[PDB]
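Everything below concerns the one structure shown next.
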4 protein chains.
Amino acid sequence: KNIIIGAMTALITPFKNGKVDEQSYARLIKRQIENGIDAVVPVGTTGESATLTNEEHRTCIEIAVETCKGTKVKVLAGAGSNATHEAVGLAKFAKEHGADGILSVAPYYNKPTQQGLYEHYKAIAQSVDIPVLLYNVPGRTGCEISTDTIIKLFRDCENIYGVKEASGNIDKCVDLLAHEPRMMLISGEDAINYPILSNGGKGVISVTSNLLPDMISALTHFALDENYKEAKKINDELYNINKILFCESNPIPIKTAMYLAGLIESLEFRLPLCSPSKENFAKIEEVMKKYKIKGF
Amino acid sequence: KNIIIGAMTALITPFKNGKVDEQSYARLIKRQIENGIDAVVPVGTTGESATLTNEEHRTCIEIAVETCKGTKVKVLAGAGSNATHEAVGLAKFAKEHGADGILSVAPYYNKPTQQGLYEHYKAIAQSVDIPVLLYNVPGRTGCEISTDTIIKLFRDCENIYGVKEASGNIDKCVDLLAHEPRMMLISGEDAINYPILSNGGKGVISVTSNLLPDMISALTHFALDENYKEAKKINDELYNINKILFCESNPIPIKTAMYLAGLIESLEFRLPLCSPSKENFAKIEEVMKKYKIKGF
Amino acid sequence: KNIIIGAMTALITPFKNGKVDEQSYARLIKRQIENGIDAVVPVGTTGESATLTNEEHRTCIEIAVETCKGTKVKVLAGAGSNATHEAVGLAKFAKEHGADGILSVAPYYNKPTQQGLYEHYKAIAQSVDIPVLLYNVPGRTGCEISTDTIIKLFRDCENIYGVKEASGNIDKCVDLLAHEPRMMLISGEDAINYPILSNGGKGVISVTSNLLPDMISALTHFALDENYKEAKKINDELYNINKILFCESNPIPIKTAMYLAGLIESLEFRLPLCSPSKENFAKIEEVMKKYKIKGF
Amino acid sequence: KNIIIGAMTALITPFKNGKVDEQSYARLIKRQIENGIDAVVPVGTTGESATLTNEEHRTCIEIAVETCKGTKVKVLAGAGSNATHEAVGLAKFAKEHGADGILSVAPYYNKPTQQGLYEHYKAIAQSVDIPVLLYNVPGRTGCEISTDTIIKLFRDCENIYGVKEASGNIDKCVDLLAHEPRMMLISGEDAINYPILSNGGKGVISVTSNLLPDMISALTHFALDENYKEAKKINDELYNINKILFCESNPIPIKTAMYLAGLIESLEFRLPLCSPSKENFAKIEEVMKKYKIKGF
Ligand SMILES: [Mg+2]
Ligand SMILES: [Mg+2]
Ligand SMILES: [Mg+2]
Ligand SMILES: [Mg+2]
């Protein structure tokens, strides 16, 4: 199977006067490339996929593909939906814009059955010929892609090559790689990046890497090269920022950090997302002061 | 305040050859009207809002508005979204096409803060001049509208008149009606319809009423007239069907039941929703046999 | 079946210089009797069952039996354990000292199966000839007595006449009384006393009644005679004190309230229970000011 | 600090005709010693701590002390309670009988506050001069020892040297060892033994080692020797048996496994524990079939 692994970044989508800041988006993606990042995830959950239009979805996938062109950096485009017909459309569309693969979240809100999840993802995989990475985040979706459903999908469809897990369940991460050791388990939970990698995980799709791309990539590459003592050291010193970046729902804290670090120009969200509490604003700024934040 | 209360039905949306069966949809809505139902809810979660197009969304709202014309039955249209801009658009659209009010579910998947939930619903409320009923279902949305947020919204925007609760939290319903007894608490959980009504709840938005509208109608009005013994007897008698109508994700069991009762011609869902088990199919069929299901 | 229903109080156990204040204990039970309480629960969870010795267990049961001598107030003695052979000893023993019935908590910590729970309670019921009330509170024990396990015990064992539910699950309270309407459902959660009573519950085992015994008894008997509007009015007015009495683990808040009201002489617990935070201390003093606390 | 780390076994307690099979106990403890175990834990939760008497508590600790005479294998005796005065007593007695250290479970059922938990363990630590290991298992106790409480106890009392964690929370184990890298984190969840060890944990207190002591010992020592390829290899192969050993409450599956393997002589529990369902009984024997169970 063709795969997309390593240190990956769920990119924020900077706004300026209600529109996508196409200059900051490109500037931010070349900052990721210059710090050892292996792939970028445009218009994911961290990029406020829910409040973006279809034309903004296309623009940012295109900017990612073009900014990475020539580099070894891959583009793993966010293309998911709780409607199967729409998920297939978004997958085909992503391929037409030059993405190397798609990240497809489990259908949210409507809670499909395990059988339905299989048929949902099977249709998506047969629409395109590019890698498909599943995204399991039950706290947000209200549903769980079971270990047997993930493995069945991995074995039955070529392009499904693994799953990005955000479930805080290291038991499940042992379960997966013990019954199907060939899949690519990707951490979608920054705080436990090292434990997932040390059990055979082959990458992360990180939120913290928006602010500290150099540290997240070093952590990932240390682990893949089996230097677990140096990988754990970075994971240990990243814990404080890893937790405070979720003091409120992602991506509210990370955009606050990016704005405070001067990497984005305005602290703008699209409703129902908004600026954080005054207390958490100070707590994010305080925790930031103990990390050296790479510039442009 | 303008209100929409009483016995209400979250309508299923029947499909035939992948398209909305517009003639059964109208026939089903007139079956609700003829059995004492006070309002119907088109294109809600039970109506598979997620897999419907904008043009079908409008079609089923129009069919609902058109068939309740001349009757006393109100149309509480489903118009919610995890994007405020679309939720405002969907709300304005419902009013322009004759809906009497909107049911607006809490933003799903994206997890807005309580502050963000306030600004989200405030934008929807200021967009229209028809009643707006909040919908809290944390198991599906991943977020919870706190009691203080609901009460703040009820007091700050007048078209917001209450909340539909599917939370399995009778403590919260005591909390709500003890600190703000003027709001309209609506039961969104058929099994606990009576406890919610007996604490001051003023209506239900039911799933069971799709199959047994006469029984749910009697329950609601018995309770509203404070005949609790006669209301509770129906609630106790409906418990068995109330539970198994959720043996799989709603609306998988109720559509199965409607098909088994012969009220729709095809047992079709749109992926990622699917037909249930062969075993869940048989236990839905068994429990149905202990109830009298009115025909057309 | 012999039953013990109505308004009941989970008695606190006042300490003085590390010993049980035996005269205050009697005085406190006499304040309950004079304010319409129907039964008292010595050596329960609210009475710090865990940190009392067997001889203090006996002393407090005997003081309760002696103080209710001549009155119509029943003694529902706490006699539970997660070791069956000891739970049987405590049940036999409670009867030998004049208790009218026993409240038996579900085995904690060791998490028995439903089969194990069945055999546990069957042994206790066959050990004595006084009414046995099961006590289900999964948040404290780590296990749940299922609806079918409760009903099987009610039908198979003569002495078992109901359950005291502290599970925040009004669905389960519909489940119980719809499939077995002859059992005595007792509310073990003060905030939802009225909803449980309005569904057929026949009494409460209260914590707040330690502070406001007259108000809890008025609520109970209003509800039992069916004046539900009068019962709900008291339950709505009691919500604030009912919640703030659990800002920390029971009985830490209630003992603080009893001390502030001057009903007990010293704010003593046995470790690992301790005095509350400074902030929670102030919050209890706030809420008490909105209620009339009957003296001696 | 003096510590007790490495591969450890939470010993089952075999019964024969309602009595502790003392002879069989010693034979099983010497089977653990002969297979690389570094310490054994008598009368813990796996040993049915709740249903043993105080003198049976003494009997099983003493046999352990006597059977480890002459070996390097330590005795980490279970001596815990939800009553602090009893927890101090059980610790003193455990030391007076020759134990090398204490395992002290968090107070169950009575849910002490974080402040109360600190004073609880401080009393136990100041009671004895042998190592004290904290035990956090919130699913059974109903309480959680916060990370800050664990760290405060580690720094404030000499003999408190770490915590055993059974919380299914790999985030918390990063939290602990990143803010206090000097403590001894011990895994109390067999399925995630390696991830906890791979993050700096220095031992396990196992259930599986009752059945497969050589495999659990090899896993730990490989991990302690930083041979992470071989530690994960064993952990991946043990996942199936590790999970099926909790299809019912521990120690119901492990005692069933020991009986099926012929390592214990009768399948007896003390109520409320009992033999498993036939269905789960068959599932345990099946999963056992892919492992080599060392004899005596
Ligand atoms: Mg596109
Ligand atoms: Mg009309
Ligand atoms: Mg009338
Ligand atoms: Mg409590």
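Just so you know, all these numbers are worked out from the coordinates, no wet-lab data involved. FYI the Cβ positions are ideal-geometry reconstructions off the backbone, even for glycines, and counts take in every protein chain you see.
With respect to C:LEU211, determine if the residue is out of contact with any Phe, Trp or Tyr (no Cβ under 7 Å at 6 or more places or on another chain) and away from ligand 4 (no atom under 16 Å from the Cβ). The answer is no for C:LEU211.
No other residue among B:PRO14, B:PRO42 is within 19 Å of B:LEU271 (Cα to Cα) and either away from every other protein chain (no Cβ under 14 Å) or within 16 Å of ligand 1 (Cβ to nearest atom) (or both) apart from B:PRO14. Cβ-Cβ distances below 7 Å connect the following pairs, each with a first residue in region B:71-93 that is touching a residue at least 12 places away in the same chain (Cβ under 8 Å) and β-branched (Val, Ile, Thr), a second residue that is within 16 Å of ligand 3 (Cβ to nearest atom) and in a loop (DSSP other than H, G, I, E, B), and a separation of six or more residues or different chains: B:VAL73/B:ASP38.
The residues of region C:179-192 that are assigned to a loop (DSSP other than H, G, I, E, B), more than 18 Å from C:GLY139 (Cβ to Cβ) and facing another protein chain (nearest Cβ under 9 Å) amount to a single one, C:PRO181.
Residues in region C:63-73 that are closer than 24 Å to C:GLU189 by Cα and either touching a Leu at 6+ places or on another chain (Cβ under 7 Å) or surrounded by fewer than 21 Cβ atoms within 10 Å (Cβ to Cβ) (or both): none.
Conditions tested, residue by residue: (1) out of contact with any helix residue (DSSP H, G or I) (no Cβ under 6 Å at 6 or more places or on another chain); (2) within 7 Å of another protein chain (Cβ to nearest Cβ); (3) touching a residue at least 60 places away in the same chain (Cβ under 8 Å); (4) within 16 Å of ligand 4 (Cβ to nearest atom).
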{"position": "A:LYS95", "(1), (2), (3), (4)": "yes, no, no, no"}
{"position": "A:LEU103", "(1), (2), (3), (4)": "yes, no, yes, no"}
{"position": "A:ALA106", "(1), (2), (3), (4)": "no, no, no, no"}
{"position": "A:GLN126", "(1), (2), (3), (4)": "yes, no, no, no"}
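Across region B:190-229, the qualifying residues are those that are of a type in the set (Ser, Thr, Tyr), under 19 Å from B:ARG27 (Cα atoms) and more than 16 Å from ligand 3 (Cβ to nearest atom), and the one among them that is surrounded by the most Cβ atoms within 10 Å (Cβ to Cβ) is B:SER206. D:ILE151 meets all of the listed conditions (1) touching a residue at least 24 places away in the same chain (Cβ under 8 Å); (2) at positive phi but one, namely (2).
Being within 13 Å of chain B (Cβ to nearest Cβ), under 26 Å from B:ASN235 (Cβ atoms) and free of Cβ contacts under 8 Å to residues at least 24 places away in the same chain is a property that C:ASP171 has.
Scanning region A:176-199 for residues that are touching a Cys at 6+ places or on another chain (Cβ under 8 Å) and free of Cβ contacts under 8 Å to residues at least 24 places away in the same chain returns a single hit, A:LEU185. From the list B:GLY89, B:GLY80, the one residue that fits, being within 28 Å of B:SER167 (Cα to Cα) and buried (at least 24 other Cβ atoms within 10 Å of the Cβ), is B:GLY80. Residues in region C:230-265 that are surrounded by 18 or more Cβ atoms within 10 Å (Cβ to Cβ), among the basic types (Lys, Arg) and over 16 Å from the mean Cα position of the chain (by Cα): C:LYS232 alone. With respect to (1) surrounded by fewer than 18 Cβ atoms within 10 Å (Cβ to Cβ); (2) within 16 Å of ligand 4 (Cβ to nearest atom), the lone exception for C:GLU158 is condition (2). Taken residue by residue, region B:36-47 has no member that is in a helix (DSSP H, G or I) and crowded, with 17+ Cβ neighbours inside 10 Å. In summary, helices (runs of 4 or more DSSP H) completely within region C:193-252 and bearing 1 or more residues that are facing another protein chain (nearest Cβ under 9 Å) and among the hydroxyl-bearing types (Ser, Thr, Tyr) occur at C:193-198, C:228-237, C:239-244. Right, A:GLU66: more than 14 Å from chain B (Cβ to nearest Cβ) and not small (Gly, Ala, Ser) or not? Spelling it out, A:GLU66 is indeed more than 14 Å from chain B (Cβ to nearest Cβ) and not small (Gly, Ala, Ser). For region A:45-62, which residues satisfy the criterion of being more than 10 Å from ligand 1 (Cβ to nearest atom) and touching a strand residue (DSSP E or B) at 6+ places or on another chain (Cβ under 6 Å)? Once the filter is applied, which keeps residues that are more than 10 Å from ligand 1 (Cβ to nearest atom) and touching a strand residue (DSSP E or B) at 6+ places or on another chain (Cβ under 6 Å), region A:45-62 yields A:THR46, A:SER49.
For region C:213-228, enumerate the residues that are more than 14 Å from C:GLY200 (Cβ to Cβ) and touching a residue at least 12 places away in the same chain (Cβ under 8 Å). Answer for region C:213-228, where residues must be more than 14 Å from C:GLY200 (Cβ to Cβ) and touching a residue at least 12 places away in the same chain (Cβ under 8 Å): C:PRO213, C:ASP214, C:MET215, C:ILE216, C:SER217, C:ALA218, C:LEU219, C:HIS221, C:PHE222. Could you tell me which residue of region C:31-55 is farthest from C:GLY262 (Cα to Cα), considering only residues that are charged (D, E, K, R) and touching a residue at least 40 places away in the same chain (Cβ under 8 Å)? Once the filter is applied, the top-ranked residue is C:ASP38. Scoring B:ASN159 on the criteria (1) within 16 Å of the chain's Cα centre (by Cα); (2) under 28 Å from B:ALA91 (Cα atoms) leaves a single failure, condition (1). Considering only residues in region A:62-93 that are β-branched (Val, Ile, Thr) and touching a helix residue (DSSP H, G or I) at 6+ places or on another chain (Cβ under 6 Å), the one that is farthest from ligand 4 (Cβ to nearest atom) turns out to be A:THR71.
Restricting attention to region A:51-62 and to residues that are surrounded by fewer than 21 Cβ atoms within 10 Å (Cβ to Cβ) and part of a helix (DSSP H, G or I), the residue that is nearest to ligand 2 (Cβ to nearest atom) turns out to be A:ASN54. Residues in region D:1-35 that are assigned to a helix (DSSP H, G or I), touching a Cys at 6+ places or on another chain (Cβ under 8 Å) and within 28 Å of D:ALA223 (Cβ to Cβ): D:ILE29, D:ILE33. Just so you know, in region C:266-296 the residues that are closer than 23 Å to D:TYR121 by Cβ and among the basic types (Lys, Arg) include one that is nearest to the chain's Cα centre (by Cα), and it is C:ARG270.
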